[PDB]
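What follows is a single structure, written as structure tokens, with notes after it.
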Amino acid sequence: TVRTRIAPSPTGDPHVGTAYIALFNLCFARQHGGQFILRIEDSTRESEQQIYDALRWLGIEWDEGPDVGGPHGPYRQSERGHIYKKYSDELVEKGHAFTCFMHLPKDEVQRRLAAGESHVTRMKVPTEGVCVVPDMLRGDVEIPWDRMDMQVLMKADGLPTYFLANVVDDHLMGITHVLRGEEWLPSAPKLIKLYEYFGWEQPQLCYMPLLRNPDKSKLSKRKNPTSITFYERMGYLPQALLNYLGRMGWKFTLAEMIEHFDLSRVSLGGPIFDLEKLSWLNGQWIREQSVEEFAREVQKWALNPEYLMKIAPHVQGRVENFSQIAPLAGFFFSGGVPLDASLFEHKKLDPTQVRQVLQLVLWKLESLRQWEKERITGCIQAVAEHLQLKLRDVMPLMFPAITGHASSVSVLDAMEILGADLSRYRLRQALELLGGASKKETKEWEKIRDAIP
Amino acid sequence: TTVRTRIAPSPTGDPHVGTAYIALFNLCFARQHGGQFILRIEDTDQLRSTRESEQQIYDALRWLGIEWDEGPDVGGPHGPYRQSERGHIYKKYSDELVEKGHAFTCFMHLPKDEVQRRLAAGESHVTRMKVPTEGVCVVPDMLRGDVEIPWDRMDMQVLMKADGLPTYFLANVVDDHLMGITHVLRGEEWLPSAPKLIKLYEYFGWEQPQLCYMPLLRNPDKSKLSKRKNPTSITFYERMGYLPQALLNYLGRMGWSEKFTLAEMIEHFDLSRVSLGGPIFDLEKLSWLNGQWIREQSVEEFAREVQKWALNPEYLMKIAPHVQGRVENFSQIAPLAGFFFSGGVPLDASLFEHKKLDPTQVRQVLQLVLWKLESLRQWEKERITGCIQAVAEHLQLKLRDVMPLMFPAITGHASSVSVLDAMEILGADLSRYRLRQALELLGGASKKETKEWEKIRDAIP
């Protein structure tokens with residue numbers, strides 16, 4: 001009986017690649033009457049809920065996990081006790097792993113351990129030869145053992161590595177097939193060797209080719225936004241995006257996808273993520289349904305009391321009649337905003353300095369986990385302070401980036417209401433319009449970013 | 001689109017024929033329409049719920065041939081399927097009902113000041129549902145059509161208990177909704193309270209599922225099915241050596257329209273072909289049907305079923321040590337140990353004339369022991385012994401005064417292998433059955449005797 005999983009780390013917005021890998025694991029388990037498992041290898045509970053929300057929004061679901069439960073849990077690493085040290089001790093007891101402070105003597109080792117000196121547990125990995133990874137799509141892949149980096153099992157803080165924990169947990173959860181991105185293929189020999197040290201039945205392996213931009217380059221937020229929630233906020237239908245993830249992989253529904261899913265129909269070249277094709281498909285989904293279904297989706301997306309009432313106070317003070325509301329508040333519904341470079345000619349900031357500020361602010365807001373007004377303000381203020389500018393120096397740059405106008409409703413409020421995705425998106429588009437940042441400016445300015453709270 | 005049905009058994013003791021019956025219908029309706037069948041454990045009563053009674057539910061239903069698509073034992077995308085794992089979902093929804101004025105805090109009247117004051121002082125309280133007093137509710141029953149229950153009939157309704165747990169009533173509405181249950185088939189016992197269910201869905205502004213209330217299983221004398229007249233526990237029929245296919249088939253013949261498989265039962269399943277009068281549970285008809293299943297199969301299938309039932313190393317090696325010290329040759333084993341394989345035992349009232357207990361006292365002892373053993377969840381020797389001793393102690397009798405009654409009840413003989421060991425091996429259902437029949441033979445208990453002895457029972461450990 002087939003069991004697949006995803007093991008996302010709860011460390012930020014889920015992205016399209018994660019949705020993609022989840023979809024394949026879901027269809028594969030479904031196709032074979034098996035189970036699909038979500039395991040959290042932890043990090044914040046909030047980022048965890050983001051993962052659940054984004055994937056469910058998409059239409060993906062799982063049979064076992066930390067939210068729905070299951071008879072093979074617990075499904076968060078932080079709830080699975082000392083189970084990892086236990087198996088790591090054994091690898092050490094059988095001479096398949098060693099304590100590192102490398103050297104060897106069990107005299108000095110017991111002594112150093114007794115004194116509570118910091119240490120890790122490393123896996124022994126073959127130094128000579130080639131390893132054959134039996135990939136389901138590619139067949140036999142030959143990776144030489146020499147290039148195989150060293151591998152930590154237990155870290156200095158008595159926590160397992162992602163590597164160790166996933167082998168342990170796949171075993172304990174009876175996972176039969178591991179479908180993962182091909183980013184993981186280089187380290188596959190270390191996985192195989194680990195199942196050998198334990199004496200465990202090794203699952204079937206499948207390494208999916210990477211998603212690529214239309215310029216045959218790897219997918220990156222720089223070239224096209226990757227977060228699932230960005231597409232939600234832009235007003236894409238989850239069925240369209242899910243449909244699109246499937247057509248890249250191997251117009252249809254998830255159920256129809258499962259019916260006609262087969263791994264053998266998957267390209268060995270990296271599928272292209274083409275926003276124009278996705279928009280066209282989404283347009284088709286929008287058209288091919290009743291006006292009533294269309295209305296409900298539009299209400300859920302943005303024309304609902306929760307979103308509108310957040311906007312209403314900021315608008316009530318700035319209009320002399322109701323027909324002046326749409327021009328003032330239209331930027332809350334437009335995805336991007338129309339851009340005008342002249343809106344960014346600062347009084348006492350030169351064009352390079354304007355780009356510098358935008359880049360730094362963008363970076364800090366990209367790192368910002370909790371999207372709240374005070375936290376948003378704190379970020380921009382920290383950047384300004386560190387540059388010996390004042391808050392009032394920087395704010396005029398934020399208004400046209402976020403709203404398309406020199407002045408508007410309170411832009412800090414606007415950013416909280418719009419949310420993280422649309423805010424970063426608009427900032428990035430302003431920055432790009434103005435000329436972006438050279439490879440050299442990126443290195444310089446990142447030193448500065450690092451010295452900023 | 002996509003039908004989803006469920007059962008929500010409380011994990012409190014043996015699953016019974018009734019649960020099996022309601023399960024079969026929900027399973028068949030789901031299968032007929034391409035949908036899913038969900039098992040949900042409502043451990044709303046956390047103090048009388050056990051992980052072992054849950055396991056007994058899974059074991060008994062699966063033995064019978066009933067399967068589910070989602071549940072605590074298998075997982076599922078709308079879990080957790082145990083109420084006790086679903087967090088403060090219920091408080092959340094009960095809070096909305098108060099905030100939206102459909103439910104009130106009850107500690108009487110209600111001043112906004114005096115209420116906050118008492119809550120802040122940690123005073124005990126419940127949340128109650130607002131139920132209409134005048135007028136009637138129309139219940140859209142799939143089988144009987146519109147049924148009109150007067151609102152005057154509705155007794156008040158607690159949503160959240162003082163211990164912060166939901167009632168079974170609020171929990172199942174919340175969980176049917178969150179699990180997207182489309183059709184609800186339950187016993188007609190629940191029909192009187194149906195208006196409150198309808199009102200609650202209205203309050204949340206939720207789509208009400210289709211409702212169907214099934215007529216009660218009855219004894220052959222038109223009396224509602226009870227442990228009294230007929231044994232109701234699934235595991236009893238297993239231990240008596242009935243085939244689960246026959247019991248399942250019989251549950252289906254009672255329900256709609258004598259030898260059919262589950263797979264066949266689903267194909268020919270029509271909710272419309274269900275009788276509106278109580279289907280009769282007739283042990284003799286079930287037995288004839290079970291005989292036909294036993295007969296219409298290979299001798300090798302028959303043999304394997306008998307092995308699984310009782311002729312296996314596990315069961316026979318529990319018996320072996322007790323038999324070994326009591327025979328001078330192997331052909332004396334069968335007379336001595338036959339009661340391990342016979343179901344009931346042959347009964348002889350003269351076996352119960354006690355040295356120092358009069359006929360009424362014998363019946364009281366047997367009744368009290370039976371009651372306590374009916375309550376026993378963990379069927380183990382030390383615990384069986386503790387029950388009988390507690391009865392004996394409380395009657396100011398000695399254990400050795402009560403034990404002579406147990407031997408003939410359990411084994412059919414005055415003396416035998418150790419009766420306490422015999423009871424553990426035989427198991428809870430057969431022990432209870434045998435004690436009940438010994439009691440019936442001796443004359444049972446009057447209505448008055450029952451009231452009086454129950455008072456005695458409740459004072460016993």
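Residues in the structure tokens are numbered from 1 in each chain, the chains being A, B, ... in the order shown, and ligands are numbered from 1 in the order shown.
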
Using only C-alpha atoms, I'd like every residue of chain B that has an atom within 7 Å of chain A; please write them out as a ChimeraX atom specification. /B:72-80

Please identify the alpha helix (DSSP H) residues within range 16-139 of chain A (assignment by DSSP from backbone atoms) and present them as an NGL selection string. :A and (16-31 or 45-58 or 83-93 or 106-114)

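Closest approach to residue 375 in chain B from the set B:59, B:14, B:145, B:3 is made by B:14, with distances taken over only C-alpha atoms.
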
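Minimum atom-to-atom distance to residue 204 in chain A, evaluated using only C-alpha atoms, belongs to A:2 out of A:431, A:2, A:91, A:102.
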
Using only C-alpha atoms, which residues sit within 12 Å of residue 361 in chain B once same-chain residues fewer than 2 positions away are excluded, as a list in words? residues 352, 353, 354, 355, 356, 357, 358, 359, 363, 364, 365, 366, 367, 368, 392, 395, 397, 401, 402, 405, 439, 442, 443, 444, 445, 449 and 453 of chain B

What lies within 6 Å of range 144-158 of chain A using only C-alpha atoms, ignoring chain neighbours under 3 positions off, as a PyMOL selection string? chain A and resi 118-123+127-131+161+164

So, with only C-alpha atoms as the atoms that count, which of A:445, A:331, A:244, A:87 lies closest to residue 352 in chain A? A:445

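Here CA of residue 9 in chain A and CA of residue 84 in chain A stand 17.1 Å from one another.
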
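With only C-alpha atoms as the basis for measurement, B:417 is the residue among B:417, B:369, B:303, B:156 that approaches residue 326 in chain B most closely.
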
For residue 32 in chain A, list every protein, DNA or RNA residue within 12 Å, evaluated using only C-alpha atoms, and leave out those in the same chain fewer than 6 positions away; present the list as JSON, numbers by chain. {"A": [1, 2, 3, 4, 25, 26, 176, 177, 258, 259, 261, 262, 263]}

Keeping only N, CA and C atoms, write the selected residues to a file as a CSV table (one decimal), in the first residue's frame.
chain,number,residue,atom,x,y,z
A,1,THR,N,0.8,-1.2,0.0
A,1,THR,CA,0.0,0.0,0.0
A,1,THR,C,0.9,1.3,0.0
A,2,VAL,N,0.5,2.2,-0.9
A,2,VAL,CA,1.3,3.3,-1.2
A,2,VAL,C,1.2,4.5,-0.2
A,3,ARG,N,2.3,5.0,0.3
A,3,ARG,CA,2.3,6.2,1.2
A,3,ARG,C,3.4,7.2,0.7
A,4,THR,N,2.9,8.4,0.5
A,4,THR,CA,3.8,9.5,0.1
A,4,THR,C,3.7,10.6,1.1
A,25,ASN,N,2.8,14.1,-5.2
A,25,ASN,CA,2.7,13.2,-4.1
A,25,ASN,C,1.3,12.8,-3.8
A,26,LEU,N,0.4,13.8,-4.0
A,26,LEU,CA,-1.0,13.6,-3.8
A,26,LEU,C,-1.6,12.7,-4.8
A,176,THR,N,6.4,4.8,1.3
A,176,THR,CA,6.8,3.9,0.3
A,176,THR,C,7.5,4.6,-0.9
A,177,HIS,N,7.0,5.8,-1.2
A,177,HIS,CA,7.6,6.5,-2.3
A,177,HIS,C,7.9,7.9,-1.9
A,258,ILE,N,-6.1,13.3,-11.2
A,258,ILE,CA,-5.8,12.1,-10.5
A,258,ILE,C,-6.1,10.9,-11.4
A,259,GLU,N,-7.2,11.0,-12.1
A,259,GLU,CA,-7.7,9.9,-13.0
A,259,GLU,C,-6.6,9.6,-14.0
A,261,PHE,N,-3.4,10.8,-14.2
A,261,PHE,CA,-2.1,11.0,-13.8
A,261,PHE,C,-1.2,9.7,-14.0
A,262,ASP,N,0.0,9.9,-14.5
A,262,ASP,CA,0.9,8.8,-14.5
A,262,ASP,C,2.3,9.4,-14.6
A,263,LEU,N,3.2,8.9,-13.7
A,263,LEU,CA,4.6,9.4,-13.6
A,263,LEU,C,5.3,9.4,-14.9

List the spatial neighbours of residue 298 in chain A as a PyMOL selection string - criterion: any atom at most 12 Å away, only C-alpha atoms, same-chain residues fewer than 4 positions off excluded. chain A and resi 232-237+286+291-294+302-304+307+333

Keeping only C-alpha atoms, write the selected residues to a file as a PDB file, in the first residue's frame.
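As written to disk, part29.pdb reads:
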ATOM      1  CA  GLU A 232      -4.436  34.398  -4.483  1.00  0.00           C
ATOM      2  CA  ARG A 233      -4.125  38.174  -3.805  1.00  0.00           C
ATOM      3  CA  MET A 234      -3.741  38.911  -7.552  1.00  0.00           C
ATOM      4  CA  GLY A 235      -7.114  37.246  -8.067  1.00  0.00           C
ATOM      5  CA  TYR A 236      -6.180  33.932  -9.673  1.00  0.00           C
ATOM      6  CA  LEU A 237      -8.528  30.990  -9.209  1.00  0.00           C
ATOM      7  CA  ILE A 286     -13.223  32.642 -15.065  1.00  0.00           C
ATOM      8  CA  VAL A 291     -22.006  34.633 -13.390  1.00  0.00           C
ATOM      9  CA  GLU A 292     -23.113  33.591  -9.891  1.00  0.00           C
ATOM     10  CA  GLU A 293     -20.035  31.414  -9.346  1.00  0.00           C
ATOM     11  CA  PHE A 294     -17.981  34.317 -10.700  1.00  0.00           C
ATOM     12  CA  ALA A 302     -11.933  41.172  -2.128  1.00  0.00           C
ATOM     13  CA  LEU A 303     -15.520  42.463  -2.436  1.00  0.00           C
ATOM     14  CA  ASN A 304     -16.439  41.394   1.092  1.00  0.00           C
ATOM     15  CA  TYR A 307     -11.744  43.979   3.317  1.00  0.00           C
ATOM     16  CA  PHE A 333      -8.049  46.193  -6.056  1.00  0.00           C
TER      17      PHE A 333
END

What's the 12 Å shell around residue 187 in chain B, counting only C-alpha atoms, without same-chain residues fewer than 4 positions away, as a PyMOL selection string? chain B and resi 7-8+18-23+25-26+191-194+211-217+278

Generate the output file for the selected residues, N, CA, C and O atoms, as a PDB file, in the first residue's frame.
ATOM      1  N   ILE B   7     -21.196   7.580  11.103  1.00  0.00           N
ATOM      2  CA  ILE B   7     -21.718   7.150  12.400  1.00  0.00           C
ATOM      3  C   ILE B   7     -20.883   7.852  13.441  1.00  0.00           C
ATOM      4  O   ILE B   7     -19.684   8.061  13.245  1.00  0.00           O
ATOM      5  N   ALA B   8     -21.512   8.206  14.552  1.00  0.00           N
ATOM      6  CA  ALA B   8     -20.805   8.874  15.623  1.00  0.00           C
ATOM      7  C   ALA B   8     -20.978   8.098  16.936  1.00  0.00           C
ATOM      8  O   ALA B   8     -21.655   8.559  17.847  1.00  0.00           O
ATOM      9  N   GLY B  18     -27.630  -2.624  17.063  1.00  0.00           N
ATOM     10  CA  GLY B  18     -28.218  -1.387  16.587  1.00  0.00           C
ATOM     11  C   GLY B  18     -27.216  -0.473  15.893  1.00  0.00           C
ATOM     12  O   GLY B  18     -27.511   0.152  14.875  1.00  0.00           O
ATOM     13  N   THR B  19     -26.022  -0.393  16.457  1.00  0.00           N
ATOM     14  CA  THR B  19     -24.976   0.436  15.898  1.00  0.00           C
ATOM     15  C   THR B  19     -24.556  -0.132  14.564  1.00  0.00           C
ATOM     16  O   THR B  19     -24.374   0.593  13.576  1.00  0.00           O
ATOM     17  N   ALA B  20     -24.407  -1.447  14.553  1.00  0.00           N
ATOM     18  CA  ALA B  20     -24.075  -2.180  13.343  1.00  0.00           C
ATOM     19  C   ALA B  20     -25.088  -1.859  12.239  1.00  0.00           C
ATOM     20  O   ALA B  20     -24.730  -1.530  11.108  1.00  0.00           O
ATOM     21  N   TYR B  21     -26.360  -1.944  12.602  1.00  0.00           N
ATOM     22  CA  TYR B  21     -27.464  -1.683  11.698  1.00  0.00           C
ATOM     23  C   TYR B  21     -27.410  -0.249  11.126  1.00  0.00           C
ATOM     24  O   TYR B  21     -27.499  -0.058   9.909  1.00  0.00           O
ATOM     25  N   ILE B  22     -27.259   0.757  11.989  1.00  0.00           N
ATOM     26  CA  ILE B  22     -27.206   2.143  11.515  1.00  0.00           C
ATOM     27  C   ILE B  22     -25.934   2.359  10.680  1.00  0.00           C
ATOM     28  O   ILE B  22     -25.945   3.104   9.708  1.00  0.00           O
ATOM     29  N   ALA B  23     -24.850   1.683  11.042  1.00  0.00           N
ATOM     30  CA  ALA B  23     -23.627   1.753  10.247  1.00  0.00           C
ATOM     31  C   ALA B  23     -23.837   1.201   8.839  1.00  0.00           C
ATOM     32  O   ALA B  23     -23.444   1.834   7.857  1.00  0.00           O
ATOM     33  N   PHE B  25     -26.501   0.924   7.015  1.00  0.00           N
ATOM     34  CA  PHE B  25     -27.277   1.840   6.196  1.00  0.00           C
ATOM     35  C   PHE B  25     -26.479   3.041   5.729  1.00  0.00           C
ATOM     36  O   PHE B  25     -26.568   3.419   4.577  1.00  0.00           O
ATOM     37  N   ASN B  26     -25.693   3.638   6.609  1.00  0.00           N
ATOM     38  CA  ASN B  26     -24.926   4.791   6.193  1.00  0.00           C
ATOM     39  C   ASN B  26     -23.850   4.359   5.197  1.00  0.00           C
ATOM     40  O   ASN B  26     -23.595   5.062   4.229  1.00  0.00           O
ATOM     41  N   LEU B 191     -35.485  11.301  16.529  1.00  0.00           N
ATOM     42  CA  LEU B 191     -36.470  12.117  15.835  1.00  0.00           C
ATOM     43  C   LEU B 191     -37.119  13.191  16.723  1.00  0.00           C
ATOM     44  O   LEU B 191     -37.336  14.305  16.244  1.00  0.00           O
ATOM     45  N   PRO B 192     -37.442  12.873  18.005  1.00  0.00           N
ATOM     46  CA  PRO B 192     -38.026  13.931  18.847  1.00  0.00           C
ATOM     47  C   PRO B 192     -37.166  15.182  18.961  1.00  0.00           C
ATOM     48  O   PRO B 192     -37.705  16.290  18.958  1.00  0.00           O
ATOM     49  N   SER B 193     -35.852  15.021  19.045  1.00  0.00           N
ATOM     50  CA  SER B 193     -34.981  16.177  19.214  1.00  0.00           C
ATOM     51  C   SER B 193     -34.592  16.813  17.884  1.00  0.00           C
ATOM     52  O   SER B 193     -33.830  17.778  17.870  1.00  0.00           O
ATOM     53  N   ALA B 194     -35.111  16.279  16.773  1.00  0.00           N
ATOM     54  CA  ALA B 194     -34.764  16.798  15.444  1.00  0.00           C
ATOM     55  C   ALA B 194     -34.979  18.310  15.257  1.00  0.00           C
ATOM     56  O   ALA B 194     -34.155  18.956  14.600  1.00  0.00           O
ATOM     57  N   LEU B 211     -32.140  14.494   6.202  1.00  0.00           N
ATOM     58  CA  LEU B 211     -32.368  13.732   7.420  1.00  0.00           C
ATOM     59  C   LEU B 211     -33.171  12.475   7.150  1.00  0.00           C
ATOM     60  O   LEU B 211     -34.130  12.496   6.373  1.00  0.00           O
ATOM     61  N   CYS B 212     -32.784  11.377   7.783  1.00  0.00           N
ATOM     62  CA  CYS B 212     -33.579  10.153   7.715  1.00  0.00           C
ATOM     63  C   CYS B 212     -33.559   9.389   9.023  1.00  0.00           C
ATOM     64  O   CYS B 212     -32.496   9.037   9.509  1.00  0.00           O
ATOM     65  N   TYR B 213     -34.731   9.121   9.584  1.00  0.00           N
ATOM     66  CA  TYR B 213     -34.791   8.466  10.880  1.00  0.00           C
ATOM     67  C   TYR B 213     -35.311   7.045  10.734  1.00  0.00           C
ATOM     68  O   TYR B 213     -36.411   6.825  10.245  1.00  0.00           O
ATOM     69  N   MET B 214     -34.487   6.085  11.146  1.00  0.00           N
ATOM     70  CA  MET B 214     -34.775   4.667  10.948  1.00  0.00           C
ATOM     71  C   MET B 214     -35.622   4.092  12.072  1.00  0.00           C
ATOM     72  O   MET B 214     -35.350   4.331  13.236  1.00  0.00           O
ATOM     73  N   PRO B 215     -36.654   3.321  11.720  1.00  0.00           N
ATOM     74  CA  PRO B 215     -37.457   2.578  12.702  1.00  0.00           C
ATOM     75  C   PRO B 215     -36.625   1.634  13.575  1.00  0.00           C
ATOM     76  O   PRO B 215     -35.648   1.051  13.109  1.00  0.00           O
ATOM     77  N   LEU B 216     -37.014   1.488  14.836  1.00  0.00           N
ATOM     78  CA  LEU B 216     -36.218   0.735  15.802  1.00  0.00           C
ATOM     79  C   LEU B 216     -36.289  -0.754  15.570  1.00  0.00           C
ATOM     80  O   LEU B 216     -37.348  -1.289  15.254  1.00  0.00           O
ATOM     81  N   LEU B 217     -35.161  -1.424  15.757  1.00  0.00           N
ATOM     82  CA  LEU B 217     -35.147  -2.865  15.847  1.00  0.00           C
ATOM     83  C   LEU B 217     -36.033  -3.286  17.017  1.00  0.00           C
ATOM     84  O   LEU B 217     -36.044  -2.630  18.057  1.00  0.00           O
ATOM     85  N   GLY B 278     -41.188  -1.246  12.753  1.00  0.00           N
ATOM     86  CA  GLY B 278     -39.965  -1.800  13.311  1.00  0.00           C
ATOM     87  C   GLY B 278     -39.612  -3.180  12.780  1.00  0.00           C
ATOM     88  O   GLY B 278     -40.376  -4.123  12.980  1.00  0.00           O
TER      89      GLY B 278
END
